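Laid out below as C-alpha cells are two forms of one and the same protein chain, each shown alone and named structure 1 and structure 2.
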Structure 1
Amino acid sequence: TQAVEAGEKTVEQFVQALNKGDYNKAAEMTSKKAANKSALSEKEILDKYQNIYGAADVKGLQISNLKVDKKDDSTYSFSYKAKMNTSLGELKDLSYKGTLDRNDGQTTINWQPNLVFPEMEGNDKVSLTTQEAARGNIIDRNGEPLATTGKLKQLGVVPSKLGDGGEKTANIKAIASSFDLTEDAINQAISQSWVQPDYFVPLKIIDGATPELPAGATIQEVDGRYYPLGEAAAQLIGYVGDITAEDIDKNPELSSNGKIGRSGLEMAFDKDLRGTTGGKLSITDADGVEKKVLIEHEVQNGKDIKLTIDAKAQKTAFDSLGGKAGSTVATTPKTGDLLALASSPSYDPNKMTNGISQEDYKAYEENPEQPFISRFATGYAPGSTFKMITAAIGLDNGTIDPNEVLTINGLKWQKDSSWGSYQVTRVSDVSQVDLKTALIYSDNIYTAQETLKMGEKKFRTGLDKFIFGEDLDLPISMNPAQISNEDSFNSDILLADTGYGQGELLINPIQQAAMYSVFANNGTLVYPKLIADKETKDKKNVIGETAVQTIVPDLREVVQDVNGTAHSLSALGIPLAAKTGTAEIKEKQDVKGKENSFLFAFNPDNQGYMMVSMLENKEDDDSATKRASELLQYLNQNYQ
C-alpha cells in the first residue's frame, strides 16, 4: 500500500502539472516509450498537450474520485473523474483510466493518448469550431440606444494610388484638409513598418456625411461598437477593447477574436452583454471524420440591458457642464430611477473603442481635470447643502426652534479662544438669523452653532438613520459614504465643520441624491435604481414628516426670495425647491484654496424629479446654479 500511495501521489502531481500548464513537467512523469509502457516520447507528449489543450483553451483541470489498485507486480491501474474549462464551457464528468509502472525506485505513468481526452486512441485529431456571439445593446428607458453594434465608415488611403512625387504631397494635403487630420499623421500612418505600397491604411472613422474623396482616399464599411451619445455618457457606459491573449488566459469562455468591456457598464455587464460562444469540440479519426462530440451548443447572443437613463436628460445634463469639471445626477425621487449620470470633462468612447493614438490617450490621462473619473461615483464633502440634513435632524430631536433667532455679528465666529485662528465663515452679515433665514442665505455660522448645541451624540444618532456605511446595489464601482474617518469626531471644530457639510464627510453624488430624497417622500429614503426592471427599495422614517414640512417651504424661499442663493432660478417660472452650497478644499498639496459649488433642486408640488449638480474646483464667478436652468425645464416638462 506504500506503493499504492506513491502511485496516487504520482497521479496527483501529473494532474497538477497539467492544470498549471507545465506540460513538460507532466511529460517528464511518464515511463519510457514502448507498447506496454508509454505511447509517445516526452517531447511528443509535450507537443500533443500544447497543441490540443491550446487549441481548445483548456484551463482548470481538476479531478475527483481517484482510485489506484494493483494489476500486477509492477503495474497499477488508476481511474478518476475530471472536469476542465474550455473556450466552449465546462467539460464535466470525464472518466480517465490508465496504468502506472513502478520499474525502479520511482512510479511513472504509462502515458496513452486517452489521458488527453478519454475517448482518444492512436493518432486521433481534435477539432474546434466556434461562432461568435453578437454583443447585446444598452438602451435608455425609452429604447433609445446608448451602446449598439453599428456600421462605421472607415476612412483610409492606399499609398500606391496616391502619387509618386508632388502628386503624393498634394493628395496628402488634400485628404488632410478635407477630413481635418495632420499631414504628418497621414505620413506617419503610411510609413509604419506593417504597411506595403498597395495596402489600405486605415486613418479615421467618419461619423457623418462623407465628403469628396481625393486621389488615394477610400471609404470601407466596418461593423463595430458605437456610442450615440459619445462623451456625454462615456463614464457611465464605458467602452470595449480588443481581447488580448492575457484576457483569454484569465477566462477561456471569452471570444479570442471579440470585444471586452474595459470600463463602465460595458465592463460591469460584460458577461450578460457578450453572450456565449457557439460551436463544437470533437474528436476525429486520423482521417478527419468525427468519432466523439465532446461539447456542442448553439450561439447565444447577448441580452439587451435597459437603463432608467433618459437619453435627452443625459445629454442636456452633460452639455450644461460646458466641459468644466463637475457632475450632475437627476432622479425621479419617488422611485429612485436615475434619469441622468453626467460627468465632465469626458473622453470620446468611439475614438477609444476604435483607433486611439498614444498622444491622444496620454492627453486624456495627463489632463489635470481627469476626464476618466466617474465624478457621480466619487466621494466629496457634500458642502453647505448638507445644512438641510443637519436642520432636519435638529428639528426631530428638538434642538432647533424654527422661530428662535440667533444673534450673529460679522462674517466669522468661533466657539472659544481655544479654536486658535480657526473660524466658521459666512458670506452675508445678517444679524438676526432663524432657520428660514439660515437656509435662504446659506449661513454656516448658524449651522455650526446649532450643531455644537445639538452635540455629537444626538447628531450621529440622526446621521445613522441614513445610508452611511451602506453599499448601494448598483452596477457602479463605488465606496460607501462616511461621516468621518473614525467613529468619533474627537473635535468640536470637526463636529461644527461636519454640521455644514465639510469635515471628513465623503458622499458621492448618487448617495447624495439618495439622502436628499427624504424631502420628496415625507422622510422616507428611496434607494436609487439604474436597471429599469428592478423593484423600488426604500427606508422609512429617516427624518420626521414635521421636519420635511418645515424645511421645504424654506427651500421654496431659497428660490423665491430676492436674496435667496438660488434666486436666479425663479426666472424659470416653475415650482421649485432648491438649496445651494459650497465647500472649500485645501489639503497639504494644494497651491491656494479651491472651491466646489453645489446645487440641489426638486419639484415640491409633484415630486416628479430631483437633481444634484456640482462644479469641482470652480473657476471664479461660476456656479452650479448658473448652469441648471435647461435641465430643470426639461425635467419639469417631462417628469410630473
Structure 2
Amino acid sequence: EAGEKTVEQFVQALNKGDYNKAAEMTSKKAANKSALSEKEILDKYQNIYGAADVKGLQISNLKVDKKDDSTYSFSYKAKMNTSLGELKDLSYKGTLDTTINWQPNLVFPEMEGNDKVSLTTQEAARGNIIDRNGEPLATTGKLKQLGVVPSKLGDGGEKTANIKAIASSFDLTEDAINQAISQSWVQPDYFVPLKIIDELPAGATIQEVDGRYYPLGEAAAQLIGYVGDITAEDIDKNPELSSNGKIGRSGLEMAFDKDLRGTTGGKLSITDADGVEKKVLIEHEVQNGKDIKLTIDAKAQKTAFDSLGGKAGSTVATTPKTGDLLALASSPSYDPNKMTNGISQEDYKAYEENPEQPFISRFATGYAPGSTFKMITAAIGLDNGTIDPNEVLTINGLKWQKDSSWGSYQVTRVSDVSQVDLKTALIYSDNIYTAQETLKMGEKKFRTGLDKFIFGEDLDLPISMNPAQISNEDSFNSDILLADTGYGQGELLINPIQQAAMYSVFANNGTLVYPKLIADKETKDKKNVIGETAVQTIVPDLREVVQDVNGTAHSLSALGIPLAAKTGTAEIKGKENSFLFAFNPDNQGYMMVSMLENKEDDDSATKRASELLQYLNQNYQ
C-alpha cells in the first residue's frame, strides 16, 4: 500500500543526514513494534553513521507485501558510502505498522540487540605535486581556520551579539554560524570550524589546520588546478572514493587524481555487546598518494606568470633538446587556495564573468600562431627549393594582393622596405614576402612540408588538449587562405605547447623534440622534420632579428646574451595578438614562446620577456 512511500521517505531522511525525521517515521517503543525510543534511535544513527560519515545511501529492489492485518514486511538492497569506501549489496529487512517498527537491523544488516560498531579510520595523505627541483606545487600547508567555541560564546543577547559580530567581521550569514553551532556532532566546549581566513569577538578562535595548499597560487592555477570536497554525485561515479575526501576538479589535480589520492586506511566492523568482532563490513590498509614530480621550474613559472602583468596571454618555457616543460603560465588566473577552501558566490561569479577568462588554460588553447610561423614557412621553402635566400623581391608600399580577384583584401606588412630577401623578411617581420613565397610554393608543397610536423597528433601530456590543425578541411580552397596560412594566421590553430614543440626543430638541427611534463618520462623526438641547411640558414637570421638595429626584437640585444628570436602578430576579427619566440642559439639550453592575447596598444610579448630570458639563460645552459 502506502507503506512503500513510508520506506522511501525513511531512506531519504537518512540519506541527507536528517536523523530526527527518520526516527520520527518509527513506531512506538515495544517488543512487537520498534526496539528503542525515538531519541535513542536518533543518537544511535548519529553516533554510528556520522562517525562513518554515511552519505549517498541509495536503495533498490524495494518489495513491500502485507504480513498481518496491521503489519507489512519490507526488504531492499542498499548501497552506502563511508570514509572507507562503498558498502554495496546490503540486504535490509523489517516490518511496518504507516510507521516503521525499528530494530538495529536497519543500521547495518546483521546487527541485533546491543551490538556496537568499530570504526578505526586513521590514514590518507594526498600525493604532492613537486617541480623539477623538488619545490612544492601542491602540498599540504598549515592554514588559518577561524571557528567558534559555543561555551565561550555567551548567553542570551551576548551570544547573539557575538554571533552578529563574528558574522560581520568575516562576512558570513548569521544562519551559518548558528547552523554549524547547532549541528549534531557539536558539543558546548568543542571547536566548530567556520571558515579559512586568507578582531576575534568573544568565542572566535583560529587554529592551524592541514589542508591542500598551492605555493605559487595563481601563477600555476591553470596547470596545477585545485581540489574540492567530494559530493554524492562524485561518489556515484567512482565507489571507492571516501565520502569525505577531496577530489581534483581541474588541471593536474584532476588528471592525476587516482595516483595522488591513495586510499584511506581503516576498518568498519560490527562487534557484539562485549566488543568481539562479528562481521567485517569494510577494511583497507593505509596507502598515501604517490608524489608526482614535473619538469616545471618553480621560479621560472612564477617569473613567466608575473611578466604577463595580469594581461591576457601565456608563456611556455622548455629545454628544447629534451622537451622539459620548464614553465606553463596562463594569464589572467584565479586563486586556487581561495578556490579549494571557501569561495564566495560573488568572487566565483567575478571569475566566471571576467571577459578575459582566467579559468581557461591558455597554454593548451589553440591559437593562430601569428607571423612567428614565418620561420616554419621559410624552412619548408628552403627544403623543397622554392625560396632562394639570395633572391630579392621588389615590394612597394605596405599592402599587396595576388590580383584584383582578392577584391578588398590585402596582405599587410609593417615596414615599407623595397628590396626584401629572406633575412630581411625575418628581420622586419615581412608578411608580404611570406605570402608571395607561399603562393609561389603552392598548396601541395606547403602541405607536404607542414605534414612533417605534429598536425593532428594527440600529444602524450596529462593536459586536456586538442590536436593542432592546418585548416578546417584537407584543402585550402582559396589562394587567400593559403597566403594567410603562410604567415601563420588563417584557419591555423596551434596551442603554445604545440608551438614550442614545432619550433624545437631550430634547436635540434631539424629534429622535433616532443615536450615533456613528467620528469621521469623518456625523451621522444621526431627526426628529419626540416632540413639541416634550413636550420643553419634561418637561425643566423633569427640572431639578426635581435642584433640588427631594425630587428623586431632588437630591444633584447641590450641583455648581452646569445639570442635567436622571432616576433609575430595576428589580427583576428579588430583584435591583435602579440607573439615572441626566443632561444639560446649557442647552447640550445632553453626555448620560450610567449603570447599576449588581444594586446593593449603599445604592448608586446617582447616588452615583457627580458627577465624570464635572463633567468633561463642563467640557469639552463
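Structure 1 provides the reference sequence; residues are numbered from 1 along it. Think of the rigid core as the biggest set of C-alphas that the two forms share within 1.5 Å after superposition.
- Here the chain appears twice, and structure 1 is the form described as "open conformation" in its entry title.
- Compared between structure 1 and structure 2 on the core, the listed residues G241, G279, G302, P480 keep their C-alpha shifts below 2 Å, save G279.
- Superposed on the core, the two forms barely differ at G523: its CA moves less than 2 Å between structure 1 and structure 2.
- Put the two forms on the same core and the Cα of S178 is off by 2 Å or more between structure 1 and structure 2.
- After superposition on the rigid core, the Cα atom of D401 is displaced by less than 2 Å between structure 1 and structure 2.
- In this core superposition, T218 moves its Cα by 2.6 Å between structure 1 and structure 2.
- Core-based superposition between structure 1 and structure 2 puts the Cα shift at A134 at 1.3 Å.
- Taking the rigid core as reference, the CA displacement of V289 between structure 1 and structure 2 comes to 4.2 Å.
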